[PDB]
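Given as structure tokens, the chain that follows is alone and in the form deposited in one PDB entry.
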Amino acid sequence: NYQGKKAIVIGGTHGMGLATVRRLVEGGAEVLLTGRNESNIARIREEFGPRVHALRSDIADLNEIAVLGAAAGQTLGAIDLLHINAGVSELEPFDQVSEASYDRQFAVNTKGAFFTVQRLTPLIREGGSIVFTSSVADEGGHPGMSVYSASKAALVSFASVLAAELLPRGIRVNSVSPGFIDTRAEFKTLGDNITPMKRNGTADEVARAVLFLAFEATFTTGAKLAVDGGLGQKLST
């Protein structure tokens, strides 16, 4: 059901990215994926072999983005889905935030994402799509996550603008908003307690939403899709 489809998954070595990669592969799609850490990239090549193209790349490094562009072109040539997954956070009250921690989070979550898209967009087929992995924190106020929340909100706005500008090329741009996803232990339990559905989501649940938007939501652009157990949906208690 993914026959002939070519996909790029930025940050596909772990969790939700890897779950998306797995589904893409089982469906018969050609996949290129990237990842910051090299133990992950090696682990991937172990698991998939020549079934997927794994590539070590730092989304924050604009030079490495250039390498990525060449790689993608020489490898896939044209793509149907560009899925932007990568994201980092540093949990600290707003008055403890330093310039470095501020810079780090925006460099990966927003800037790197923006320029990775800018570089890869000319490869995307007409009818293809971009899917951003946002967060439930892209709306509302979450103490200790000022920078991360803001970086994701910026990302969602980019998705909206890209959706508008890419209309004439018939390219859809959407986002998924994961809540607590079990992919640190004190965080899963926080997720169990505050999430209305009283559990964490799975990486596969997030992947199903990514691929729905990618391939089945053919009349959906500029939209957001919550995978958050209701957390961002204002469900009381």
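All residue numbers refer to positions in the sequence shown, first residue = 1.
FYI, the form deposited with a small molecule bound isn't displayed, but the following is about it.
- Look at 50-58, 189-197, 165-173, 24-32: in the entry with it bound, residues with non-hydrogen atoms within 4.5 angstroms of the small molecule sit in 50-58.
- Residue contact check for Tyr148: one or more of its heavy atoms lie within 4.5 Å of the small molecule in the entry with it bound.
- Proximity of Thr133 to the small molecule in the entry with it bound falls within the 4.5 Å heavy atom cutoff.
- Taking non-hydrogen atoms only, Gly87 approaches the small molecule to within 4.5 angstroms in the entry with it bound.
- Contact check for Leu213: every heavy atom lies farther than 4.5 Å from the small molecule in the entry with it bound.
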